Amino acid sequence: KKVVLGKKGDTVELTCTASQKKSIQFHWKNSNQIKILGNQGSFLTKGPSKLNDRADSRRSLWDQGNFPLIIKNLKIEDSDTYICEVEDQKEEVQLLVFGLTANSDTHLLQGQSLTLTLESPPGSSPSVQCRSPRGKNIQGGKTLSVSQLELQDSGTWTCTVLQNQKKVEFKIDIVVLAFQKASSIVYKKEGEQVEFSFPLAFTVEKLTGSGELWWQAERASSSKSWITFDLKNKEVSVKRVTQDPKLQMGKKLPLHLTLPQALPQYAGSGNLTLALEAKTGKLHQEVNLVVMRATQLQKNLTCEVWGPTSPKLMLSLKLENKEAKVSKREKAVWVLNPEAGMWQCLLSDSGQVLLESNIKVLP
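How each quantity is defined
- Residues numbered from 1 in each chain as written, not as in the entry; some residues may be left out.
- Heavy atoms only, no water.
- Residues with missing side-chain atoms left out of burial classes, pairs and counts.
- Pairing = 2+ DSSP bridges.
- Helix = DSSP H or I, 4+ residues; strand = E, 2+ residues; numbered from the N terminus.
- UniProt positions renumbered as here; feature names shortened; annotations may be inferred.
- Salt bridge = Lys/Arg side-chain N within 4 Å of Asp/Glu carboxyl O.
- Buried < 20%, exposed > 50% of the residue type's maximum accessible area, 1.4 Å probe, protein only.

## Focus: the sheet that holds strand β6 (residues 55-56)
Moving on, step 1. The strand order β2-β7-β6 describes an open sheet built from three strands, whose pairing is antiparallel. This sheet does not close on itself; its edge strands, each paired only once, are β2 (12-14) and β6.
Moving on, step 2. Relative to strand β7 (residues 69-71), β6 runs antiparallel, the two sharing two bridges. Bridge pairing in β7 links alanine 55 to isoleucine 71.

What follows is the structure, given as structure tokens:
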């Protein structure tokens, strides 16, 4: 019969009319033959039933035949078969509520799984199709959880509680805090003052955050090299550590890991781990630095690219004027015997020029 679904605490309207359309007697009673609410002229009445003061009917719409049932603050335990005994007939209506919910709530950063458990009348079965704000028609049973949340899954989802030839949609909001970059990469040359940047997405909250950046310098296994920082609102500050190079950091939230001069030994990978709280987790975002050193020995020259280079790239040295004085696939090429010209060292991959470092020859 009439199988209408509802949401917890939401409300729903049970229909009930008939021919004759005039203000006549009517009475809503649940399968337990208890009278939800009834009438006696304009005077609207209710029953002893648990539903009592949360049920209501529209007296205005009464004149036009409707003897509607409005249930406010939907209690899960409202799931029943109500009957609207109007002028010589009975209307059977089963109202099955539901309630989609995530327990892992407040301040979700990356990865940290999301879980969606469901409430439903003891004896009926749902199915949930959680459509994401972007793609993935993730679906499951009385429960379905999103694995490790990746940025783009931030927003407003739309899970659907299917039950019967009826279905009830649900709008849950899920925002993934995180970095706006995976592997940042900077290509510089022996000297060029290096800068790095990893942004977030504003937020407030109390006593909330600090971590540090770790670096794997090329060859220099001499690790444990780092910089530590504490954050609070639009305030950042180095906890301590740095040492080794003169890395300077900002006072302002949009973090700028600064590297005074791009010296050759400062090339390699790095992980900048951020970890705040309320209900913690730890963000990560990769960092990498490459260096190029164009320097003529004596009357003969050479140049080299250190750091995270690809076994797909090429290096080349030419005097600009004419074409390839030496082309190759490695990080330490040489050009013995150069001629006057403002020479260009080139690091790339495929075609688009990565690193370019100019230098002149004398005779």
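## Quick look at the UniProt feature "domain: Ig-like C2-type" in the protein chain
Moving on, step 1. UniProt feature "domain: Ig-like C2-type": in the numbering of this structure it lies at residues 101-178, 179-292 and 293-349.
Moving on, step 2. Split by type, residues 293-349 is 0% helix and 44% strand. Its first and last C-alpha atoms lie 18 Å apart.

## Quick look at the pattern of salt bridges
Moving on, step 1. Applying the stated criterion across every chain yields a total of nine salt bridges.
Moving on, step 2. Residue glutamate 85 is joined to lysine 90 by a salt bridge in which the shortest nitrogen-to-oxygen separation is 3.5 Å.
Moving on, step 3. Exposure remark for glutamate 85: the relative accessible area of 22% places this residue in the partly exposed category.
Moving on, step 4. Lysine 90 gets classed as partly exposed once you look at its relative accessible area, which sits at 43%.
Moving on, step 5. For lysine 136, the salt bridge identified is with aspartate 153, shortest N-O distance 3.6 Å. One end of the pair, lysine 136, is in the loop between β12 (128-131) and β13 (137-140); the other, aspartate 153, is in the loop between β14 (143-146) and β15 (155-156), with 17 residues separating them in the sequence.
Moving on, step 6. On the accessibility criterion, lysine 136 (41% relative accessible area) is partly exposed.
Moving on, step 7. For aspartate 153, a relative accessible area of 5% corresponds to the buried category.

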